[PDB]
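Ideal geometry is used to build each Cβ from the backbone, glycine not excepted, and the neighbour counts take in all protein chains shown. Basis: the model, the stated rules and, where named, an outside source; these are not laboratory values.
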Protein chains: 2
Amino acid sequence: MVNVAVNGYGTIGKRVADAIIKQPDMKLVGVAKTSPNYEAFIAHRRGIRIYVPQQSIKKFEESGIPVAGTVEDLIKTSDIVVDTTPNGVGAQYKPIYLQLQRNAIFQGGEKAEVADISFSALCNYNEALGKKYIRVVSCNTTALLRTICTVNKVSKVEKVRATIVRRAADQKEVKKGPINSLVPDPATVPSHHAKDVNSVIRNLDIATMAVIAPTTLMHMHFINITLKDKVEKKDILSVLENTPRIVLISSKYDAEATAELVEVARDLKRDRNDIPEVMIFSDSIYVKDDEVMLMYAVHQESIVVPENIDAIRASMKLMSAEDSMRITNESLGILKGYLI
Amino acid sequence: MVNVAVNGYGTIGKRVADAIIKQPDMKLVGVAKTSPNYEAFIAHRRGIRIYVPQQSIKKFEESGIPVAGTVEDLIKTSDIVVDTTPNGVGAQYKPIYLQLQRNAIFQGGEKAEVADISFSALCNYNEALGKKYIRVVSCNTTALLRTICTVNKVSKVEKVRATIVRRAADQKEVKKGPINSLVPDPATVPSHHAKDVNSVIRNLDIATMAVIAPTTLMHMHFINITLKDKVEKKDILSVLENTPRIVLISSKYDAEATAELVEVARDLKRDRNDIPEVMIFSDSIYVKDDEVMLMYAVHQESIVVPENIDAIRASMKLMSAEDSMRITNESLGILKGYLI
């Protein structure tokens, strides 16, 4: 039985915690948070136990939300830590995990050196088997990796160039912009995505560009893939339509807009209206000879959730790639085929 | 039991159909819709019977979604119709419901003359008992009536002055602005809200102004009430804290922003992230002698849902105001007290 701790109960933290609870071979010990905001109140009402930095206990304890113990308390009394702390804080907790001898899963805004390997379950689960420290790649890297590794089955992927249109901040954030601007992110080519992808696929010729748009719901990727062998369209479409963690969006029901996909998720009653799957617009799938083009949407709040679950399995070597992803996929209701 | 039809499966209709499904004394006969978009797809997949206007049947059927009959058929089969069609379309169906001899509930965007009475359950259910045609007031009119009929228990409301900040368009709408403007709505005073409140509370001296902001989540109201007698804050606060369909928002958990309230709903796992209750900011409650000032948020996608359920009960004389509101409240998970 794996007793899991979650460090950092934010957008990703809260989701991983609920994913952990639905797993048959894992238990959530508790979660670490520094401020008693509404995310914490709600967590406690749901019976999730909250661990806090010793120095914040007093402050935190003024709000009435009971504290189960300190953050080291949590790490020591767990078998592995899913770290979902802010960019840069993982590396700060890294020495703590080391000292207490806990494996730990890090998020994608950390430097690669925080982990012993970087990960995406559809690409290098077997290579991650046994790693004590694993870095799950960022949300947009994950979407690129899922698409690539899946297209690669039809033919070796020789080259990737991509433009990432990033949503500015999540819907709940009220102090972040831009309100009305496009903001190169960064201006320099390439963006960090290409390298992040090279921490999982060592030798891919990848170049990416990114910009921030004044939207909160989902990112969007615009991809140009060069393959080795002239391929057929049915084959690129066959494998995109049959890969869990990837869904296709048609143009049949007038839902090709990130806001309308969010509405589809609300009406489908998905938890927190999450769509953890890569959402590829079926009408954008262009394959001519050895060239592939298409666009897809990425739901940043949830895309790495299932990856953290498999990463845990990889780290503690509980089962194969196919076994892990099959439980993760089924327990978190992950789709394949047409979303809409 | 009571067989109910829903004419217009859009933002309100999809939710009135789901609430009808949750009532112990009602059964959803089917819903009416013109276009076979993602909302119709999803209804169909849940087993909801879809009826389409005669002249749209063939285009609708190009989608492969089966059609149970015309709108007239749906009408003939129900004991009562919940009309949730676009503003002005209700008046187009009024003569059809009359000729087909079926009671009907209309939405606030219609003229008061389309019905035999306008309604809000916390104020005049008893007056609407037996009315064959009832107009449930608009979303912001409803929020003003719940607040006024509740405050009125502490001391007679003699005067209301309110400013309404309206969200531009719901989140699924991608063709409506404004993107970045404030838009008098209208520039003349008063806006229609005051007349609509007066269709419910006939002699109240009320004036309202409204403006459109570039937000999609919720409306906000800023109100000034003049009472007959001087009162104590504790008495205003105590009624506001103990009335279903009204919730209080504290400043304890950092959630005083409409986007953070949407977030609270997501994490509380409310259906569609709906918050049908009037959300009064408890730090806003200002009581001095006979003057009360406060501000609140209104979730426009859902506030009228419970109201339409009670309206069915009033029109069909099914049970008392209190009995109906208790079933509507319990079954739809309506709250009172502090939300956060």
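Points to keep in mind about this one:
- Residues being of a type in the set (S, T, N, Q), closer than 23 Å to residue B:139 by Cβ and in contact with a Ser or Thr (Cβ under 7 Å, 6 or more places away or on another chain) are entirely absent from segment B:46-59.
- Cβ-Cβ under 7 Å pairs, at least 6 apart or on other chains, segment A:317-333 side more than 14 Å from residue A:26 (Cα to Cα), far side of a type in the set (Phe, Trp, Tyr): A:321/A:125
- So residue A:70, is it in contact with a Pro (Cβ under 9 Å, 6 or more places away or on another chain), of a type in the set (S, T, N, Q) and more than 20 Å from residue B:267 (Cα to Cα): yes
- Residue check, residue B:158 more than 14 Å from chain A (Cβ to nearest Cβ), at negative phi, surrounded by fewer than 17 Cβ atoms within 10 Å (Cβ to Cβ) and part of a strand (DSSP E or B): yes
- Of the set (1) in contact with a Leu (Cβ under 7 Å, 6 or more places away or on another chain); (2) within 21 Å of residue B:152 (Cβ to Cβ); (3) surrounded by 17 or more Cβ atoms within 10 Å (Cβ to Cβ); (4) touching a residue at least 60 places away in the same chain (Cβ under 8 Å), all apply to residue B:337 but (3).
- Counted residues, segment A:236-257 - those being buried (at least 20 other Cβ atoms within 10 Å of the Cβ) and within 18 Å of the chain's Cα centre (by Cα): 4
- Pairs where the first residue, in segment A:162-187, is away from chain B (no Cβ under 14 Å) and the second is among the aromatic types (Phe, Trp, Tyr), C-beta under 6 Å, 6+ apart: A:163/A:222
- Selection status of residue B:27, part of a strand (DSSP E or B), over 20 Å from residue B:107 (Cα atoms) and assigned by CATH to the domain that holds residue B:314: yes
- Scanning segment A:11-26 for residues that are surrounded by fewer than 18 Cβ atoms within 10 Å (Cβ to Cβ) and touching a residue at least 60 places away in the same chain (Cβ under 8 Å) returns A:22, A:24, A:25.
- Every residue from segment A:133-155 that is surrounded by fewer than 24 Cβ atoms within 10 Å (Cβ to Cβ) and of a type in the set (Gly, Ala, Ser): A:138, A:155
- Checking each residue in segment A:198-218 for being in contact (Cβ under 8 Å) with a residue 40 or more places away in the chain and more than 28 Å from residue A:263 (Cα to Cα) picks out A:199, A:200, A:201, A:204, A:205, A:206, A:207, A:208, A:209.
- Pairs with Cβ under 6 Å, 6+ apart, first in segment A:219-235 and crowded, with 20+ Cβ neighbours inside 10 Å, second part of a loop (DSSP other than H, G, I, E, B): A:219/A:300; A:227/A:155; A:227/A:290
Every residue, every condition in (1) of a type in the set (A, V, I, L, M); (2) in contact with a strand residue (DSSP E or B) (Cβ under 6 Å, 6 or more places away or on another chain), yes or no:
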| site | (1), (2) |
| --- | --- |
| B:51 | no, yes |
| B:68 | yes, yes |
| B:78 | no, yes |
| B:91 | yes, no |
| B:94 | no, no |
| B:111 | no, no |
| B:134 | yes, yes |
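- Segment A:46-57, subset farther than 15 Å from residue A:81 by Cα and of a type in the set (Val, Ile, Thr), residue surrounded by the fewest Cβ atoms within 10 Å (Cβ to Cβ): A:57
- Considering B:249, B:225, B:212, the condition of being more than 14 Å from chain A (Cβ to nearest Cβ), touching a helix residue (DSSP H, G or I) at 6+ places or on another chain (Cβ under 8 Å) and aliphatic (A, V, I, L, M) is satisfied by B:225 alone.
- Taking the criterion of being at the interface with chain A (Cβ under 10 Å from one of its Cβ atoms), under 22 Å from residue B:16 (Cα atoms) and in contact (Cβ under 8 Å) with a residue 60 or more places away in the chain, the residues of segment B:262-285 that qualify are B:271, B:272, B:274.
- Within segment A:27-45, the only residue that satisfies the criterion of being touching a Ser or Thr at 6+ places or on another chain (Cβ under 9 Å) and surrounded by fewer than 16 Cβ atoms within 10 Å (Cβ to Cβ) is A:35.
- Restricting attention to segment A:286-340 and to residues that are β-branched (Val, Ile, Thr) and closer than 30 Å to residue A:230 by Cα, the residue that is nearest to the other protein chains (Cβ to nearest Cβ) turns out to be A:340.
- Residue that is farthest from residue B:12 (Cα to Cα), among those in segment B:33-58 that are free of Cβ contacts under 8 Å to residues at least 12 places away in the same chain and not aromatic (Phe, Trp, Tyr): B:58
- Of the residues A:20, A:12, the single one that is in contact with a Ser or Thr (Cβ under 7 Å, 6 or more places away or on another chain), in a helix (DSSP H, G or I) and closer than 23 Å to residue A:328 by Cα is A:12.
Condition check ((1) touching a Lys or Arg at 6+ places or on another chain (Cβ under 7 Å); (2) not in a loop (DSSP other than H, G, I, E, B)) across all residues:
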residue: B:292; (1), (2): no, yes
residue: B:302; (1), (2): yes, no
residue: B:307; (1), (2): no, yes
residue: B:311; (1), (2): no, yes
residue: B:330; (1), (2): no, yes
residue: B:340; (1), (2): no, no
